[PDB]
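Input: a single structure, listed below in structure tokens.
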Amino acid sequence: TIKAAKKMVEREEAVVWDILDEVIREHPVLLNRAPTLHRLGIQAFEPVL
Amino acid sequence: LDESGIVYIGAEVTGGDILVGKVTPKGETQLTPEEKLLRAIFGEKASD
Amino acid sequence: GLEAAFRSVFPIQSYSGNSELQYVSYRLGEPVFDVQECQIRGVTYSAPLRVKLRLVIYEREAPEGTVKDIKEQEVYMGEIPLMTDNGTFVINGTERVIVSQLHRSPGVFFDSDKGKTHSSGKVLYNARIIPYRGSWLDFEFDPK
Amino acid sequence: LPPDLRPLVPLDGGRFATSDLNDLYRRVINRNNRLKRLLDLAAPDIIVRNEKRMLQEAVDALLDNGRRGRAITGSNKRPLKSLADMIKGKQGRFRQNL
Amino acid sequence: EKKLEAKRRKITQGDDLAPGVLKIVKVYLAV
Amino acid sequence: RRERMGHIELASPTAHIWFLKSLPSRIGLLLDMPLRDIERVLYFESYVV
Amino acid sequence: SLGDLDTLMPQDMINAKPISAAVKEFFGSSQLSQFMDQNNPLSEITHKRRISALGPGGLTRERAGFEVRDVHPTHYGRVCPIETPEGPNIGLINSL
Amino acid sequence: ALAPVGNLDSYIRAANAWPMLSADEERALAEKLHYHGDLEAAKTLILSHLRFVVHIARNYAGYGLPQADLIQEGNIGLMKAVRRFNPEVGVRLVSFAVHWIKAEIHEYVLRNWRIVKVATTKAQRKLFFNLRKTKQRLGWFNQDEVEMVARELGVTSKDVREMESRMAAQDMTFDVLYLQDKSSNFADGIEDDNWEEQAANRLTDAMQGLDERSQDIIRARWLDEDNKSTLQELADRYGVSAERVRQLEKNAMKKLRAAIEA
DNA sequence: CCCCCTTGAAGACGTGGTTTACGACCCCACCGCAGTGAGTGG
């Protein structure tokens, strides 16, 4: 169930970290700093935990 | 909690812990027949 | 202080001129709670204001008679928040600070406008009278 | 306007949070009802004229408060926010939400 | 004894709560 | 309740302030009348033939 | 003016609520009334010695020119020329 | 009465410009109004007393309501007194109409002082106009002061405290935990829907293990929504005792629980 | 350990008789900018 996964995530078991390491692989994120004056104020990066 | 429902002085607490216990009247509620039958099977009573 | 306001409002005469109120003096009572007690209980640390007021009855049966009766009684006006020894006020159990203000003083100031009628290329002089309480009087020049 | 776009939510200590549109609508409804009552009571023309003028002022305040004369103010001495103020300015619908 | 009784009067005096409020509990946490 | 509108029946007609006070005035331009005279007539200060 | 009885006490003349309400409003809602900055003793002393040009009867942040914000020769010994906020209130808040 | 009224100030001038009649000619209009139904007599009486309403409404400026609205409320009350005036009594209309004019203003203040009506019942209305004068010091009444107020006005202690809270309430404007919609968290609803669906499937699987007779016992009494079959109705359909139907559910439910808990 | 009773009563759901209680109605003798408008004088 969703509730069991919620409890597992909240308790932060060791398998959750491996699952997160698999999730973030090749999943870019956008970084933005205000004020955005030109388009180079938003860029994509590959996250490292 | 102590006998008055208030946490002891000096206790170490984290997120989600109860500090002061309190209850409220709830009134009428609606439940689906399946969940009501499950509650009856498990034997737990209904509270006000 | 409070004396200035008291003598700026009192005495008060009625419309028909048959009775008036006269202010005598005032005093401040002892605060109910201490500063620490006020902070613990979350209440304002203030003192009560008690004024002596005198009532005058005017005798309308005599053209110059105003000695029908006189009554004297001490009356309560409210609570004045007090200042601690460190220059702070305790309002609802929390310490607050009143910041001083820097403003233009009352009087008359003579000014010369600039950057206006620059096509004409001349300067216009104006004057203002600013009171502590009232309306503003101004004098000014047009190009002619 | 639909009620959910002008919310009225109760609070704990007997207080309420409300939009100014409710007050403007209440003023308009009150003056309209008073005008109808006066018209059904066979009133002199001057009082009906005054009521019509106040109804016009209330409608103008509801549609756009600060446009002709003194803006109708509330408890905090601040002018009431009208329908036109909702969709214009830096805090209007467009720039703030769209 | 008079001063002690005055202090105890001041200590045990009740609170001034708003209407419809029964009691209030305050908890302080340090970290 | 987010979609349903109501209506109020007015005992007497009232003018729309947008079509009156937003310069240039549409009512005044259409009637070829000065805005001040229209304002005087609307707020019950003079008559119009 | 409206009253009739001559057996009128001064307590019948005075209603104390408006004055208390005005004083409470001043001490709890004025722009110059604010919570004490209690980060450290220096912060408290700086707060107690602060001079502001805003508030009732004062200027406005949006309607302030360069002339009122600049250091004046008469400030020598009266207003600190280097202690002021770095934001839009740069020239309107000073220290004694 | 064709004077122009461009604002409230211009309306007061016309009301004051009307000459105040004397008692002698007031009787003639009132007599014609009462017996012959002269609409002109009422017209003259109402217009000549318009200044009477204006100075009365000035006394009600502490409530924060517009002055123009208060004046018009009094005007309706003035018309009611005119329609019910008996000239043969000998008293002036000014003294008779003072009760009607102040009754209309009072009712308008009650309904419009706040966004919600504060006083509706009989006891609340009495406390609305008395607590303003009775209250002398800011704050809440103590326990003792409640009975003193309640004893004079003939009200209970509950009413005094309830109206005390309603007087000091200050309404905030909408622009803090009150802007949040409390039924907007869809993620919680999805989780709760998933949890209730997987529990229902366990009930269906458990019911399959029951015998055919026991399944219809649980289904009819507990699962049906149109009807709730009692113990006696199931007895005649299967030729069993009234207690037998009741006693059968206990054993069946234990089997249902055993399958579910496993 | 299936079956039909018993036999005593606990609560179960109205229920509109009976009875308060709410709500309403009646009487009361800065900042520079640009478009507008009269307003002349001609």
Side-chain angles (χ1 to χ4, degrees), chain B residues 28 45-46, chain C residues 111 113-119 144, chain D residues 37, chain F residues 21-26 28-29 32-37 39, chain G residues 53-54 58-69 88 91-92, chain H residues 23 26-27 30-31 33-34 45 49 52 74 76-108 110-111 116-126 128 155-156 158-159 162-163 211-214 217 221 228 230-232 234-252 254-255:
Chain B
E28 70 184 10
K45 208 210 187 174
Chain C
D111 210 352
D113 190 0
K114 292 181 278 282
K116 292 292 290 188
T117 79
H118 37 267
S119 57
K144 67 181 178 67
Chain D
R37 260 148 64 215
Chain F
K21 189 71 177 177
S22 187
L23 304 179
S25 161
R26 313 269 158 257
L29 193 62
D32 204 7
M33 293 177 70
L35 185 51
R36 281 81 65 193
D37 292 273
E39 270 194 316
Chain G
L54 319 178
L59 309 187
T60 290
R61 174 170 39 260
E62 182 65 26
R63 293 180 181 177
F66 294 99
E67 293 83 3
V68 71
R69 297 180 192 253
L92 312 174
Chain H
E26 182 158 309
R27 298 199 50 83
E31 201 64 277
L33 160 58
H34 198 133
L45 277 177
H49 288 49
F52 180 45
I76 296 169
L78 168 71
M79 293 180 183
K80 280 198 205 188
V82 160
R83 187 158 81 244
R84 310 184 188 262
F85 192 51
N86 208 359
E88 52 87 17
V89 190
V91 76
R92 295 297 304 266
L93 180 80
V94 170
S95 179
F96 174 54
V98 73
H99 301 312
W100 294 78
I101 288 160
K102 297 169 88 205
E104 283 281 330
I105 299 182
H106 276 150
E107 191 43 57
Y108 182 81
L110 281 171
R111 297 181 188 199
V116 189
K117 309 177 160 190
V118 289
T120 44
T121 75
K122 191 82 161 188
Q124 291 165 0
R125 293 176 194 246
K126 202 166 201 155
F128 176 68
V155 297
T156 79
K158 172 89 166 73
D159 301 81
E162 176 64 36
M163 287 303 279
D211 61 84
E212 59 166 354
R213 193 175 41 159
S214 298
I217 298 176
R221 318 210 54 234
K228 178 200 192 312
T230 53
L231 302 175
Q232 176 68 50
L234 302 192
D236 301 330
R237 188 172 291 112
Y238 303 139
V240 287
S241 198
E243 165 80 21
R244 193 41 181 183
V245 192
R246 187 190 171 280
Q247 195 207 341
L248 266 164
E249 315 174 9
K250 301 188 276 279
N251 306 123
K254 292 150 195 149
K255 302 171 208 150

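So you know, we letter chains A, B, ... as the sequences are listed, proteins then strands, and number each from 1. FYI, side chains are in, hydrogens and waters are out, and symmetry mates aren't considered; it's all heavy atoms of this structure.
Among the protein residues, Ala242(H) comes within range of no part of the nucleic acid, since none of its heavy atoms lies under 4.0 Å from any strand. Here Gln247(H) lies in heavy-atom contact (under 4.0 Å) with a base. Heavy atoms of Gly239(H) sit under 4.0 angstrom from primed sugar atoms or phosphate atoms, though from no base atom. Among the atoms of the strands shown, only primed sugar atoms or phosphate atoms (P, OP1, OP2) are found under 4.0 Å from some heavy atom of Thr120(H). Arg36(F) comes within contact range of the sugar-phosphate backbone alone, with a heavy-atom separation under 4.0 Å but no base atom that close. Residue contacts for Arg92(H): at a heavy-atom cut-off of 4.0 Å it reaches no nucleic acid atom on any strand shown. Across all strands shown, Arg61(G) has no heavy atoms under 4.0 Å from either base or sugar-phosphate atoms.
With sequence neighbours excluded, the residues satisfying side chain to side chain donor-acceptor pair (under 3.5 Å) with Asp236(H) are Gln232(H). Not a single ring pair (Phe, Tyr, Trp, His ring centres under 6.0 Å) links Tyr108(H) to another residue, sequence neighbours left out. Not counting sequence neighbours, the partners of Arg111(H) by the side chain to side chain contact (heavy atoms under 4.5 Å, CB included) test are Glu107(H), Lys117(H). Not a single ring pair (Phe, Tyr, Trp, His ring centres under 6.0 Å) links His99(H) to another residue, sequence neighbours left out. Residues passing the side chain to side chain donor-acceptor pair (under 3.5 Å) test with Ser214(H) are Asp211(H), sequence neighbours excluded.
Remark: DNA chain I forms no stem of 3 or more consecutive Watson-Crick or G-U wobble pairs with all pair distances under 3.5 Å.
Judged by the sign of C1'-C2'-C3'-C4', the sugar at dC27(I) is north, the angle being positive. The pentose of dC22(I) is categorized as south (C2'-endo side) on the basis of a negative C1'-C2'-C3'-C4' torsion. Nucleotide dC31(I) carries a north sugar pucker, as its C1'-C2'-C3'-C4' torsion angle is positive.
The list of side chain to side chain donor-acceptor pair (under 3.5 Å) pairs with a residue in residues 77-87 of chain H, not counting sequence neighbours, reads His34(H)-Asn86(H), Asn86(H)-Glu88(H). Listed by first and then second residue, the side chain to side chain donor-acceptor pair (under 3.5 Å) pairs that reach into residues 60-69 of chain G are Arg61(G)-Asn89(G), sequence neighbours excluded.
Mapping heavy-atom proximity under 4.0 Å, the span of DNA chain I touched by chain H runs 5' to 3' from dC2(I) to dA29(I).
Place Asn86(H) and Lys80(H) on DNA chain I by their nearest nucleotides, and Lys80(H) ends up nearer the 5' end.
A side chain to side chain donor-acceptor pair (under 3.5 Å) with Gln247(H) is found for exactly one of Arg244(H), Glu249(H), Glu243(H), namely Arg244(H).
Note that the CZ atom of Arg125(H) and the CE atom of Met163(H) stand 10.0 Å from one another [nearest 0.5 Å].
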